[PDB]
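Overview (structure and organization)
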Amino acid sequence: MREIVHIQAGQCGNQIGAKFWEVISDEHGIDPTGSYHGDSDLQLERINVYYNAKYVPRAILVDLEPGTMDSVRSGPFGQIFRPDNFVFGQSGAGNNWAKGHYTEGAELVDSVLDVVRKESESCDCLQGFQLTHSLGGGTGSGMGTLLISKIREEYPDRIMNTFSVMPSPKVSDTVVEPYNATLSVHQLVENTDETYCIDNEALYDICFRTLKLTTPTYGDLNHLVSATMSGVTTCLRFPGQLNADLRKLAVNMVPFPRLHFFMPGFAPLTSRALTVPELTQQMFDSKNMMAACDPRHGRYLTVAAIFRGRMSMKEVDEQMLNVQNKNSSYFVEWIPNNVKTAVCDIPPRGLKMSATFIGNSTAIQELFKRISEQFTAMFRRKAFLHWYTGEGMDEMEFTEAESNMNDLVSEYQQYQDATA
Amino acid sequence: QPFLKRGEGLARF
Amino acid sequence: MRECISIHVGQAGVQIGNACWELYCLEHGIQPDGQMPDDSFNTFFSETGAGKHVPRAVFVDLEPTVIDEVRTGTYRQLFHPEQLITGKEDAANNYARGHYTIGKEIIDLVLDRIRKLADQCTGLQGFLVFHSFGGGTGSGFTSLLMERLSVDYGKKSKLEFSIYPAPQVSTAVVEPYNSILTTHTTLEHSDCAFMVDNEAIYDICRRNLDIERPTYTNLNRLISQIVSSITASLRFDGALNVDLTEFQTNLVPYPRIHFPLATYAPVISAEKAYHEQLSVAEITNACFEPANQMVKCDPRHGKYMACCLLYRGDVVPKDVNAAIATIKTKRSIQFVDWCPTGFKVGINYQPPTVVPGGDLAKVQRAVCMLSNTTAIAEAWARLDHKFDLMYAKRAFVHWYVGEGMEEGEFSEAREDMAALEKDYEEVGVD
Amino acid sequence: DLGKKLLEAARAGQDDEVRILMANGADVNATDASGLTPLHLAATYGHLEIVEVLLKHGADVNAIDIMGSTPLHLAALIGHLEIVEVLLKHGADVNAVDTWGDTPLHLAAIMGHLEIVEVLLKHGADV
Ligand SMILES: Nc1nc2c(ncn2[C@@H]2O[C@H](COP(=O)(O)OP(=O)(O)OP(=O)(O)O)[C@@H](O)[C@H]2O)c(=O)[nH]1
Ligand SMILES: COc1cc2c(c(OC)c1OC)-c1ccc(OC)c(=O)cc1[C@@H](NC(C)=O)CC2
Ligand SMILES: Nc1nc2c(ncn2[C@@H]2O[C@H](COP(=O)(O)OP(=O)(O)O)[C@@H](O)[C@H]2O)c(=O)[nH]1
Ligand SMILES: [Mg+2]
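Residues numbered from 1 in each chain as written, not as in the entry; some residues may be left out. Chains lettered and ligands numbered in written order. Heavy atoms only, no water. Residues with missing side-chain atoms left out of burial classes, pairs and counts.

Structure determination for this PDB entry was carried out by X-ray crystallography, with a resolution of 2.200 Å recorded in the header.

Here it is, written out as structure tokens:
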């Protein structure tokens, strides 16, 4: 498997998706024009995974709001994107998941799938799809999930990857967001193979406490997202020293089909290079998690760690081993060797040494508990419920999604306490 | 509108 | 002559094949293009008539990346292009993908290509199959191939060289499942299988070669040294193990218990300073040191079913007999009850060969001991325990059930493994 | 029925409708089937001017629907800060608990309405 087809939907989706292409274009040496200006054949060996040969990102930009396509098109790298790849409407979703999934989104979705299809048919061998979207709004959340289900119907055998930003009132105090995100999470447990939980709550806390930013902006939070996305895609994009696609990753990371929500992390955090012990310690530190969950409150089912930069592998293997040895309690003992390390000799821009963390931890239930409690608070007073049913959406879908997410929580809880 | 059921994605495996 | 076809399946199997065929060429003076300045190595190489010698070999992988390097590299002219077979998407560390969904897409193509090699054999003995236990292709497609070859070549022997996974050398969490599944489906179809524990090779490169982090090349060149020791009798017209059938005769009295332990000596760094060459006695004693085994397990603990000693180089028969005699008086060698206690000896008089500029020093005499010992049950038990831990939670099982496999095949495989552990236990109970 | 028209007008933010309806005698403390009054609905949907108008004209600031929800509950939940302050200025029960055991403070905290959390703390909210 080689090529990956990238979809970004909604405001959040397109803003994190744009930042993603800037980082990895800079990493691969692709200039804003689509011209290669890199200094190493390593940068080009797997350019094919994300780019079509000048190099054009295999990305489909989607929104029901018109202006967000204007804002990316004049963004720093807005010209690299294929013009035909822009699929947008004029109405908008109005922070309403049901408008995105069922009405405004349903009217635009076949148009997107035609662009998806022509990107797919151009692929040597399709490795899967990746989607960047927020779950708290209307387009990325509702229509993003509609796209996910449509792709899953047309490409049943392909991997579906998502980078989903979780709502936090710390960042958007909009009270319908728990509704939209619970409706989406329901979609996600059924229809994605891998979902990186990008928690705005954690993004804000990192920026506010760790980065000492008094008033973090979407640029500050998106700085952490873009660095996380570069890191988790490092082994897809750079020559290994690892012969693995998205499916082999999913196979080894996901022991149970519904438990496919990853807690990503990064070190060092930023807006002098670290030692390997520093890198390892910070990478397992709660402060470095992009999901607002304390990993010491749960247990790791599976962990993948990617180190970037010139560094001692015997030091890394020893650091990883003593962390597992010293904190064996935090690692499920009925998955032998569930902490896997990989290393890439190419570091990210402006850094000599970095480490990216992908944890399948039962502590992520705290994230879903947080959303569930906010969903239940709103749902029980039945506020704004008519905005959704008025779009044709059955009310039972609300209780269905809430039940599915609460089933998710207990399912994490039983593997948290399972013994061997 | 028909909606997604719990466990409906579990059928793929 | 009496041809053997070597089949290399998946990344591990291809890359070990590369090392093995590299070494065979060196051992017989064949060049990377098949040229050289009725020969016994005709079992492993066809001979055109313009003096081109072509390995009787098939390379199969379900994705093309590894085999693409063979097609572009130093030996791009050694193999038939139609010998090197690739699909488009691999088995994703998933036995079921390798055996069922993806593997069935290409199994017939693989058999057609094998049939064309076989049609150029006057008297095919059978097949040598190289593959990993942990890979989705190495495990899953190998089992499919071995089943099909038992039907299409009913009376031919089939031997395996398989890679045992180890945390120290790039294993994955599902590999234990893959190891059990392939072992169960292959068991009835393999006459003899030589397991290489990646941790043992790793240990040996680290200790004997002072390579702190062995590469696959490091590991595979050592592996190919042992493999060459095992197949030398088929390529140099030996007195012992002269054909594939003889491996069963000499090493496998009980068909299910067909996993001999390989112990090899001496492994010496080419960087080591001048030293006297080790005698026959010295290299023979080293055959009984656990650090030199290809699978980590305690032989002191087990009993022997069969034992062959394959010597290469400047080895005088009377010195072998004296060394063996010394072993029997000094070591506690116990055979299981109903197996004759004689060691079988082979001597190949040609100097052992190493890749020029590699890690392995060239030596005056080498020995590979093949001992079918119950001690290797300890390695099955290690595997089985890792399988049990995950399977008790049904962890990762859904990936397999989604790719054409029924969940019952997991317990069916595990049960077979449990009977295999009891086979070992009952054959050597005091 | 003027009460139901007033209820609809309060929920929709129809400031002139609320006035005219009241001028014709509409029941300021009308309830719908679940016990929600015009003040509940205006508090829920952020209609500050109608909230103030209802309270100037005899609305029960502490009315409860079936579920024990007061108007302060709903405004604290949806995040309407000025309405929270107005309800408190007219004597809303800062410590009122609804049928789920929730105080307005607790709904504000759950939803992350931190300015409202502080306002309630300033006005004697318990925790
Ligand atoms: N000794 C040795 N082991 C290898 C080599 N390549 C892979 N392995 C081992 O083989 C197992 C991984 O399986 P692979 O052979 O790479 O997988 P595959 O057969 O290509 O199957 P899929 O890639 O899943 O389709 C691990 O236990 C590795 O350590 C090699 O060149 N030498
Ligand atoms: C395409 O990129 C990746 C692909 C994979 C892995 C991974 O994490 C180190 C990646 O980088 C993000 C991977 C992950 C976890 C494992 O166990 C938790 C495993 O067994 C095994 C792996 C990988 N295999 C190895 C030997 O590391 C294969 C799948
Ligand atoms: N981290 C981050 N979050 C965002 C960004 N843009 C919007 N959001 C969040 O996404 C949610 C709103 O969804 P949005 O994408 O704006 O609505 P949509 O256009 O209908 O998909 C809220 O939780 C916002 O905090 C962004 O650029 N970065
Ligand atoms: Mg492979």
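Having seen the structure, we can now continue with the description.
**Comments concerning the overall build of chain C**
Counting its secondary structure elements, chain C contains 14 helices and 12 strands. The C-alpha radius of gyration computed for chain C amounts to 21 Å, which stays within 12% of the reference 22 Å derived for 430 residues, consistent with globular compactness. With respect to the three principal axes, the spread of C-alpha positions in chain C is 60 × 60 × 45 Å. Across the 430 residues of chain C, 62% fall into the buried class. Summed over all atoms, the accessible surface of chain C reaches about 16200 Å², with 49% contributed by carbon and sulfur. Positive and negative side-chain charges of chain C, numbering 39 and 56 respectively, have mean locations separated by a distance of 3 Å. (Helix = DSSP H or I, 4+ residues; strand = E, 2+ residues; numbered from the N terminus. Rg over C-alpha atoms; globule rule 2.2 N^0.38 Å. Buried < 20%, exposed > 50% of the residue type's maximum accessible area, 1.4 Å probe, protein only. Areas by Shrake-Rupley, 256 points an atom, 1.4 Å probe, with all protein chains shown as cover. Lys, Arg positive; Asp, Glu negative; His and termini not counted. Charge placed at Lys NZ, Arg CZ, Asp CG, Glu CD.)

**Comments concerning the interface of chain A and chain D**
How big an interface is tends to be stated in terms of the accessible area lost upon association of its parts. On the chain D side, the residues contacting the 13 residues of chain A number 15 residues. With both chains or domains summed, chain A and chain D bury close to 1300 Å², and 67% of this area falls on carbon and sulfur atoms. Linking chain A with chain D are 2 salt bridges, by the criterion used here. Taking the shortest distance from any N to any O, the salt bridge between D:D98 and A:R381 comes out at 2.7 Å. Taken together, the links from chain A to chain D amount to 4 residue pairs in polar contact. Counting residues per element, the side of chain A that touches chain D draws most heavily on helix α15 (residues 365-381) of chain A, which supplies 6 residues. Residues that form the side of chain A that touches chain D fall into these classes: 7 nonpolar, 2 polar and 4 charged. (Contact = heavy atoms within 4.5 Å. Buried area = accessible area lost by both parts, 1.4 Å probe. Salt bridge = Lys/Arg side-chain N within 4 Å of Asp/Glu carboxyl O. Polar contact = N/O pair within 3.5 Å; in protein donor to acceptor, adjacent residues only side chain to side chain. Nonpolar A, V, L, I, M, F, W, Y, C, P; charged D, E, K, R; others polar.)

**Notes on the pattern of salt bridges**
In the structure shown here, the tally under the stated rule is 45 salt bridges over all chains. A salt bridge links A:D26 to A:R349; its shortest N-O distance comes to 3.4 Å. Here C:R382 makes a salt bridge to C:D197, at a shortest N to O gap of 3.2 Å. You can see C:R382 sitting in helix α12 (residues 377-391) and its partner C:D197 sitting in strand β8 (residues 192-197), a full 185 residues away along the chain. Salt bridges sharing common partners tie together A:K170, A:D199, A:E201, A:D205, A:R209 and A:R370.

**Let's talk about the pairing of strand β10 (residues 354-361) of chain A**
Residues and elements named next belong to chain A. Burial of β10 is extensive: 8 of the 8 residues sit out of reach of the surface. The two faces of β10 match: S354, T356, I358 and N360 on one face and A355, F357, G359 and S361 on the other face are all buried. Where strand β8 (residues 300-308) meets β10, 8 bridges bridge the pair, whose relative direction is antiparallel. Its bridge partner lying in β10, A304 is registered against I358. (Pairing = 2+ DSSP bridges.)

**Quick notes on the sheet that holds strand β5 (residues 159-166) of chain A**
Residues and elements named next belong to chain A. With mixed pairing, 10 strands are arranged side by side in an open sheet as β3-β2-β1-β4-β5-β6-β7-β10-β8-β9. The outermost strands of the open sheet, each flanked by one partner alone, are β3 (86-88) and β9 (339-344). The average undirected angle you get between the axes of adjacent strands in this sheet is 20°. Relative to β10, strand β7 (residues 261-267) runs antiparallel, the two sharing 5 bridges. Bridge pairing in β10 places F266 opposite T356. In the packing of helix α1 (residues 10-28) onto the sheet, contacts are made with β1 (3-9), β2 (59-63), β4 (126-134), β5 and β8, and the angle to β1 comes to roughly 140°. (Axes fitted to C-alpha atoms, helices over the stretch in contact; angles between N-to-C directions.)

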